[PDB]
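Student:
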Amino acid sequence: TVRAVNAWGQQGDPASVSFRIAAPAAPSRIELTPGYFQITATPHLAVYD
Amino acid sequence: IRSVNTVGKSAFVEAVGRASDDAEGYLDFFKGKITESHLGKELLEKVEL
Amino acid sequence: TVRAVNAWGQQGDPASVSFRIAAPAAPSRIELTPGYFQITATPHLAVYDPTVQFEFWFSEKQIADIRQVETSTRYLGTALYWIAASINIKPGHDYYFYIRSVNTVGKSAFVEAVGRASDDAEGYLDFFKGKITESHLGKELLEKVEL
Amino acid sequence: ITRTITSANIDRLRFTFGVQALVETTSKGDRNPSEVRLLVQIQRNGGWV
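Heads up: the protein sequence lines correspond to chains A, B, C and D, in order. Residues in the first sequence are numbered from 691 upward in steps of one, following the authors' numbering. Residues in the second sequence are numbered from 789 upward in steps of one, following the authors' numbering. Residues in the third sequence are numbered from 691 upward in steps of one, following the authors' numbering. Residues in the fourth sequence are numbered from 100 upward in steps of one, following the authors' numbering.
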């Protein structure tokens, strides 16, 4: 909420805006490339993040 | 797999994978280099016989 | 530009200094150490530049134009070092790498490196010097045993 | 470096010195501080002090 203060100290009517901080999303897909005796997992997301 | 940030964590995601099964491709590297030395004792007695 | 302001508010003659923020430099040398079926690329720079991280692009065939590299090749990923272990990597064939440094401010130009997997088959087989037994031979070779 | 003073009425003298850099770079690329030493000499009596 932001209010504008005069030189004499008075305060105007309020104006507001709301935002959200969010937890990361789960991986959309996991790529598995078989190896000799190893397996490699490279997770990927739709959004770069 | 779950994504982790400084602010929070996501939910787990499941993936299933296996190692490589193309044994012939791996053996093609040893196409000509197997000699009598690599043979076992139970196979050398065949050589003498 | 810095100027000195009096107590009464006046401003003095200006003084100036100029600096430049620059994109990271391209890798100088790329070290390629062959493995069993894997190749390891470790880029290096003359200057330390702690901010830089390297970007690897893998190509089966040599690319004629550096501008074409971004489209034709495949984007392996970004890290300090990368290893490419898969079936497709074979000792007989040659494989090409393209590496560019990436920062928050900008990116460098692509650099090309050519590498191949290890070919010392006898050194690998020395691990199996005595452990081959009758089980490991195939059917076409066991009929030899009976014959 | 040496210079001579020829003015008649002076009461104090100020010397502005400095270094262009002091960073020391290791083989790996780490950077460490260093040090340097200076002496300011005036020819009192017959010998430099």
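Ideal Cβ positions, reconstructed from N, Cα and C, are used throughout, including at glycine.
Work out the CA separation of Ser791 (chain B) and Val707 (chain A) for me, nearest whole Å.
Tutor: By 1-based counting over the first sequence, the position of residue 707 (chain A) is 17. By 1-based counting over the second sequence, the position of residue 791 (chain B) is 3. Going from the Cα of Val707 (chain A) to the Cα of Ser791 (chain B) covers about 29 angstroms.
Student: So, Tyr786 (chain C) versus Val804 (chain C), is the Cβ gap smaller than 7 angstroms?
Tutor: The residue you call residue 786 (chain C) lines up with position 96 of the third sequence. The residue you call residue 804 (chain C) lines up with position 114 of the third sequence. It is a contact, given that the beta carbons lie within the stated cut-off.
Student: Please list the segments of the alpha helix (DSSP H) lying wholly inside the stretch 703 to 737 of chain C, counting only runs of 4 or more residues, in order along the chain.
Tutor: Runs found: none.
Student: Can you list, in chain order, the residues of its chain with a C-beta nearer than 6 angstroms to that of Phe800 (chain B)? Leave out the 5 residues immediately preceding and following it.
Tutor: Against the second sequence, residue 800 (chain B) aligns to sequence position 12. Contacts found: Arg790.
Student: According to DSSP, simplified to helix, strand and coil, what is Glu802 (chain C)?
Tutor: Indexing the third sequence from 1 puts residue 802 (chain C) at position 112. In the structure shown, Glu802 (chain C) sits in a strand (DSSP, three-state: E or B).
Student: Can you list, in chain order, the residues of its chain whose CB lies under 7 angstroms from that of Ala736 (chain C), leaving out five sequence neighbours each side?
Tutor: One-based indexing of the third sequence puts residue 736 (chain C) at position 46. Only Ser718 meet the Cβ criterion.
Student: What's the C-alpha gap between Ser106 (chain D) and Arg113 (chain D)?
Tutor: Counting from 1 along the fourth sequence, the entry for residue 106 (chain D) is found at position 7. Counting from 1 along the fourth sequence, the entry for residue 113 (chain D) is found at position 14. Using only the alpha carbons, I get a separation of about 14 angstroms.
Student: Just reading off the beta strand (DSSP E) that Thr768 (chain C) is part of, what are its end residues?
Tutor: Walking along the third sequence from the start, residue 768 (chain C) turns up at place 78. It spans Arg764 to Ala769 - the beta strand (DSSP E) in which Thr768 (chain C) sits, taken as one unbroken run.
Student: Report, in whole angstroms, the separation of the C-beta atoms of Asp810 (chain B) and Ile777 (chain C), which I expect to be a contact under 8 angstroms.
Tutor: Start at 1 with the first residue of the second sequence, and residue 810 (chain B) comes out as number 22. Start at 1 with the first residue of the third sequence, and residue 777 (chain C) comes out as number 87. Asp810 (chain B) to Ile777 (chain C), Cβ: 6 angstroms. Contact.
Student: Nearest by alpha-carbon distance to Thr732 (chain C): which of C:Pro740, C:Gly725 and C:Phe744 is it?
Tutor: Taking the third sequence and counting its residues from 1, the one referred to as residue 732 (chain C) is at position 42. With distances taken between Cα atoms, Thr732 (chain C) lies closest to C:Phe744.
Student: Does the pairing of the stretch 822 to 834 of chain B with the stretch 820 to 837 of chain C give three or more beta-carbon distances under 8 angstroms?
Tutor: The stretch 822 to 834 of chain B vs the stretch 820 to 837 of chain C: in contact.
Student: Between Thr730 (chain C) and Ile773 (chain C), which are expected to be in contact by the criterion C-beta below 8 angstroms, what is the C-beta distance as a whole number of angstroms?
Tutor: As a first step, residue 730 (chain C) is located in the third sequence; it is residue number 40 there, counting from the start. As a first step, residue 773 (chain C) is located in the third sequence; it is residue number 83 there, counting from the start. That belief holds up - the Cβ atoms of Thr730 (chain C) and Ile773 (chain C) are roughly 5 angstroms apart, short of 8 angstroms.
Student: Cutting at 8 angstroms between CB atoms, please list the residues of its own chain near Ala713 (chain C), excluding the five before and the five after it.
Tutor: Stepping through the third sequence from its first residue, residue 713 (chain C) is reached at position 23. These residues qualify, in order along the chain: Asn793, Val795, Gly796, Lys797 and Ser798.
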